[PDB]
Amino acid sequence: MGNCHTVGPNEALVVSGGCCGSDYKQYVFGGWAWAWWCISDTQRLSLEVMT
Amino acid sequence: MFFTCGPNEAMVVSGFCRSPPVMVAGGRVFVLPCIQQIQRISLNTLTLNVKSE
């Protein structure tokens, strides 16, 4: 089982593990990503202005 | 599904096969609701009372 994750331009999505290897971080900043339930975790961070 | 905004707003669409997000000010866009996301921004003017003491 895997899920399709949609990301806004304002968000950095980091996915660890995936189709390219074991020991790596997948870098995303808007758009989308594919994630396997137990082969790749999904974590996001906001890129917005803070004052 | 079609989504529309007034000239007072801009629509931002991100998702499957739409990695560079599409931005449209006052128009219509065809979107996959379960596989693509739509966000908005108001283009209205703000009348700010800028105090100083």
# chains A, B, ... in the order shown; residues from 1 in each chain; ligands from 1
$ residues_around --residues "region 36-52 of chain B" --least-positions-apart "5" --cutoff "12 Å" --atoms "only C-alpha atoms" --output "PDB file with N, CA and C atoms, in the first residue's frame"
ATOM      1  N   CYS A   4      -0.500   8.890  -2.355  1.00  0.00           N
ATOM      2  CA  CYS A   4      -0.119  10.016  -3.192  1.00  0.00           C
ATOM      3  C   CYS A   4      -0.274  11.278  -2.348  1.00  0.00           C
ATOM      4  N   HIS A   5       0.803  12.040  -2.188  1.00  0.00           N
ATOM      5  CA  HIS A   5       0.816  13.246  -1.364  1.00  0.00           C
ATOM      6  C   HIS A   5       1.063  14.496  -2.182  1.00  0.00           C
ATOM      7  N   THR A   6       0.127  15.437  -2.114  1.00  0.00           N
ATOM      8  CA  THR A   6       0.163  16.723  -2.818  1.00  0.00           C
ATOM      9  C   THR A   6       0.747  17.794  -1.906  1.00  0.00           C
ATOM     10  N   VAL A   7       1.664  18.619  -2.412  1.00  0.00           N
ATOM     11  CA  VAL A   7       2.400  19.637  -1.646  1.00  0.00           C
ATOM     12  C   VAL A   7       2.284  21.023  -2.252  1.00  0.00           C
ATOM     13  N   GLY A   8       2.036  22.036  -1.436  1.00  0.00           N
ATOM     14  CA  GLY A   8       1.971  23.421  -1.898  1.00  0.00           C
ATOM     15  C   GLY A   8       3.368  24.042  -2.019  1.00  0.00           C
ATOM     16  N   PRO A   9       3.538  25.128  -2.793  1.00  0.00           N
ATOM     17  CA  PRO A   9       4.840  25.796  -2.943  1.00  0.00           C
ATOM     18  C   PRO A   9       5.431  26.269  -1.605  1.00  0.00           C
ATOM     19  N   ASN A  10       4.565  26.583  -0.645  1.00  0.00           N
ATOM     20  CA  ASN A  10       4.921  27.030   0.694  1.00  0.00           C
ATOM     21  C   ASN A  10       5.458  25.943   1.623  1.00  0.00           C
ATOM     22  N   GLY A  30       6.853  21.830  -2.989  1.00  0.00           N
ATOM     23  CA  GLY A  30       5.677  21.985  -3.853  1.00  0.00           C
ATOM     24  C   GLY A  30       5.563  20.847  -4.887  1.00  0.00           C
ATOM     25  N   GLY A  31       4.353  20.580  -5.366  1.00  0.00           N
ATOM     26  CA  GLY A  31       4.092  19.518  -6.335  1.00  0.00           C
ATOM     27  C   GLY A  31       3.489  18.297  -5.670  1.00  0.00           C
ATOM     28  N   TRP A  32       4.143  17.143  -5.776  1.00  0.00           N
ATOM     29  CA  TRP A  32       3.640  15.913  -5.162  1.00  0.00           C
ATOM     30  C   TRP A  32       4.718  14.834  -5.021  1.00  0.00           C
ATOM     31  N   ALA A  33       4.405  13.796  -4.245  1.00  0.00           N
ATOM     32  CA  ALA A  33       5.258  12.640  -4.019  1.00  0.00           C
ATOM     33  C   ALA A  33       4.458  11.346  -3.778  1.00  0.00           C
TER      34      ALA A  33
ATOM     35  N   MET B   1     -12.771  18.458 -12.311  1.00  0.00           N
ATOM     36  CA  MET B   1     -13.837  19.386 -11.859  1.00  0.00           C
ATOM     37  C   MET B   1     -13.351  20.813 -12.072  1.00  0.00           C
ATOM     38  N   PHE B   2     -14.218  21.741 -12.475  1.00  0.00           N
ATOM     39  CA  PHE B   2     -13.839  23.140 -12.706  1.00  0.00           C
ATOM     40  C   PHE B   2     -13.980  24.018 -11.468  1.00  0.00           C
ATOM     41  N   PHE B   3     -12.976  24.868 -11.254  1.00  0.00           N
ATOM     42  CA  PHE B   3     -12.916  25.815 -10.148  1.00  0.00           C
ATOM     43  C   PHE B   3     -12.689  27.219 -10.693  1.00  0.00           C
ATOM     44  N   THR B   4     -13.445  28.198 -10.198  1.00  0.00           N
ATOM     45  CA  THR B   4     -13.432  29.607 -10.632  1.00  0.00           C
ATOM     46  C   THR B   4     -13.163  30.601  -9.504  1.00  0.00           C
ATOM     47  N   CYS B   5     -12.464  31.700  -9.794  1.00  0.00           N
ATOM     48  CA  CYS B   5     -12.217  32.778  -8.828  1.00  0.00           C
ATOM     49  C   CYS B   5     -12.513  34.156  -9.419  1.00  0.00           C
ATOM     50  N   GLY B   6     -12.916  35.110  -8.581  1.00  0.00           N
ATOM     51  CA  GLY B   6     -13.138  36.476  -9.050  1.00  0.00           C
ATOM     52  C   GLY B   6     -11.797  37.171  -9.328  1.00  0.00           C
ATOM     53  N   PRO B   7     -11.795  38.364  -9.942  1.00  0.00           N
ATOM     54  CA  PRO B   7     -10.575  39.124 -10.199  1.00  0.00           C
ATOM     55  C   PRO B   7      -9.870  39.569  -8.911  1.00  0.00           C
ATOM     56  N   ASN B   8     -10.591  39.594  -7.787  1.00  0.00           N
ATOM     57  CA  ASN B   8     -10.106  39.923  -6.451  1.00  0.00           C
ATOM     58  C   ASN B   8      -9.317  38.775  -5.805  1.00  0.00           C
ATOM     59  N   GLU B   9      -9.133  37.647  -6.491  1.00  0.00           N
ATOM     60  CA  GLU B   9      -8.412  36.496  -5.965  1.00  0.00           C
ATOM     61  C   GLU B   9      -7.567  35.786  -7.025  1.00  0.00           C
ATOM     62  N   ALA B  10      -6.537  35.098  -6.545  1.00  0.00           N
ATOM     63  CA  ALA B  10      -5.663  34.262  -7.348  1.00  0.00           C
ATOM     64  C   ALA B  10      -5.739  32.823  -6.824  1.00  0.00           C
ATOM     65  N   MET B  11      -5.815  31.852  -7.734  1.00  0.00           N
ATOM     66  CA  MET B  11      -5.862  30.423  -7.441  1.00  0.00           C
ATOM     67  C   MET B  11      -4.514  29.790  -7.756  1.00  0.00           C
ATOM     68  N   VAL B  12      -4.003  28.994  -6.828  1.00  0.00           N
ATOM     69  CA  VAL B  12      -2.741  28.268  -6.929  1.00  0.00           C
ATOM     70  C   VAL B  12      -3.039  26.783  -6.899  1.00  0.00           C
ATOM     71  N   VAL B  13      -2.664  26.045  -7.941  1.00  0.00           N
ATOM     72  CA  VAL B  13      -2.902  24.601  -8.030  1.00  0.00           C
ATOM     73  C   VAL B  13      -1.612  23.811  -8.085  1.00  0.00           C
ATOM     74  N   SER B  14      -1.479  22.857  -7.171  1.00  0.00           N
ATOM     75  CA  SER B  14      -0.333  21.966  -7.043  1.00  0.00           C
ATOM     76  C   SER B  14      -0.765  20.501  -7.019  1.00  0.00           C
ATOM     77  N   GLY B  15       0.016  19.592  -7.604  1.00  0.00           N
ATOM     78  CA  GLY B  15      -0.350  18.172  -7.557  1.00  0.00           C
ATOM     79  C   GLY B  15       0.272  17.286  -8.627  1.00  0.00           C
ATOM     80  N   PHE B  16      -0.350  16.123  -8.831  1.00  0.00           N
ATOM     81  CA  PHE B  16       0.101  15.125  -9.798  1.00  0.00           C
ATOM     82  C   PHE B  16       0.263  15.730 -11.190  1.00  0.00           C
ATOM     83  N   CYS B  17       1.475  15.589 -11.728  1.00  0.00           N
ATOM     84  CA  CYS B  17       1.898  16.107 -13.035  1.00  0.00           C
ATOM     85  C   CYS B  17       1.838  17.644 -13.169  1.00  0.00           C
ATOM     86  N   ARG B  18       1.601  18.348 -12.060  1.00  0.00           N
ATOM     87  CA  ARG B  18       1.534  19.806 -11.936  1.00  0.00           C
ATOM     88  C   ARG B  18       2.483  20.229 -10.817  1.00  0.00           C
ATOM     89  N   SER B  19       3.739  19.788 -10.962  1.00  0.00           N
ATOM     90  CA  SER B  19       4.806  20.087 -10.001  1.00  0.00           C
ATOM     91  C   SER B  19       5.147  21.581  -9.916  1.00  0.00           C
ATOM     92  N   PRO B  21       3.564  24.801  -9.549  1.00  0.00           N
ATOM     93  CA  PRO B  21       2.185  25.159  -9.289  1.00  0.00           C
ATOM     94  C   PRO B  21       1.652  26.222 -10.241  1.00  0.00           C
ATOM     95  N   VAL B  22       0.452  25.978 -10.744  1.00  0.00           N
ATOM     96  CA  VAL B  22      -0.209  26.880 -11.681  1.00  0.00           C
ATOM     97  C   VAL B  22      -0.925  27.987 -10.908  1.00  0.00           C
ATOM     98  N   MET B  23      -0.646  29.255 -11.219  1.00  0.00           N
ATOM     99  CA  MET B  23      -1.276  30.424 -10.585  1.00  0.00           C
ATOM    100  C   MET B  23      -2.141  31.211 -11.581  1.00  0.00           C
ATOM    101  N   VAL B  24      -3.450  31.310 -11.346  1.00  0.00           N
ATOM    102  CA  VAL B  24      -4.418  32.040 -12.199  1.00  0.00           C
ATOM    103  C   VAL B  24      -5.168  33.115 -11.418  1.00  0.00           C
ATOM    104  N   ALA B  25      -5.118  34.368 -11.865  1.00  0.00           N
ATOM    105  CA  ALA B  25      -5.842  35.470 -11.233  1.00  0.00           C
ATOM    106  C   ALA B  25      -7.159  35.747 -11.982  1.00  0.00           C
ATOM    107  N   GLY B  26      -8.300  35.553 -11.321  1.00  0.00           N
ATOM    108  CA  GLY B  26      -9.636  35.731 -11.905  1.00  0.00           C
ATOM    109  C   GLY B  26      -9.921  34.852 -13.128  1.00  0.00           C
ATOM    110  N   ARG B  28     -10.801  30.259 -14.567  1.00  0.00           N
ATOM    111  CA  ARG B  28     -11.248  28.879 -14.302  1.00  0.00           C
ATOM    112  C   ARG B  28     -10.151  27.852 -14.556  1.00  0.00           C
ATOM    113  N   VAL B  29     -10.081  26.791 -13.757  1.00  0.00           N
ATOM    114  CA  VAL B  29      -9.081  25.715 -13.928  1.00  0.00           C
ATOM    115  C   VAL B  29      -9.708  24.339 -13.747  1.00  0.00           C
ATOM    116  N   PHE B  30      -9.318  23.370 -14.581  1.00  0.00           N
ATOM    117  CA  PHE B  30      -9.785  21.992 -14.447  1.00  0.00           C
ATOM    118  C   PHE B  30      -8.841  21.254 -13.486  1.00  0.00           C
ATOM    119  N   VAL B  31      -9.355  20.708 -12.386  1.00  0.00           N
ATOM    120  CA  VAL B  31      -8.559  20.045 -11.333  1.00  0.00           C
ATOM    121  C   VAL B  31      -9.099  18.677 -10.898  1.00  0.00           C
TER     122      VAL B  31
END
$ residues_around --residues "residue 24 (chain A)" --least-positions-apart "3" --cutoff "12 Å" --atoms "only C-alpha atoms" --output "PyMOL selection string"
chain A and resi 14-21+27+39-41
$ residues_around --residues "residue 36 (chain A)" --least-positions-apart "6" --cutoff "8 Å" --atoms "only C-alpha atoms" --output "list in words"
residues 1, 2, 3 and 18 of chain A
$ write_last_selection --atoms "N, CA, C and O atoms" --output "short mmCIF file (atom, residue, chain, number, x, y, z; two decimals), in the first residue's frame"
data_model
loop_
_atom_site.label_atom_id
_atom_site.label_comp_id
_atom_site.auth_asym_id
_atom_site.auth_seq_id
_atom_site.Cartn_x
_atom_site.Cartn_y
_atom_site.Cartn_z
N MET A 1 0.85 -1.21 0.00
CA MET A 1 0.00 0.00 0.00
C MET A 1 0.87 1.24 0.00
O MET A 1 1.90 1.24 0.68
N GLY A 2 0.53 2.23 -0.81
CA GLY A 2 1.23 3.51 -0.88
C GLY A 2 0.22 4.63 -1.10
O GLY A 2 -0.86 4.38 -1.62
N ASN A 3 0.58 5.86 -0.73
CA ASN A 3 -0.27 7.03 -0.84
C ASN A 3 0.36 8.12 -1.70
O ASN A 3 1.59 8.29 -1.76
N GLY A 18 12.99 5.16 -0.42
CA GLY A 18 12.24 5.18 -1.67
C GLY A 18 12.88 4.41 -2.81
O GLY A 18 13.84 3.67 -2.62
#
$ atom_distance --atom1 "CA of residue 45 (chain A)" --atom2 "CA of residue 29 (chain A)"
9.6 Å
$ select_by_dssp --residues "chain B" --states "strand (DSSP E or B)" --output "PyMOL selection string"
chain B and resi 2-4+9-15+18-25+28-30+36-42
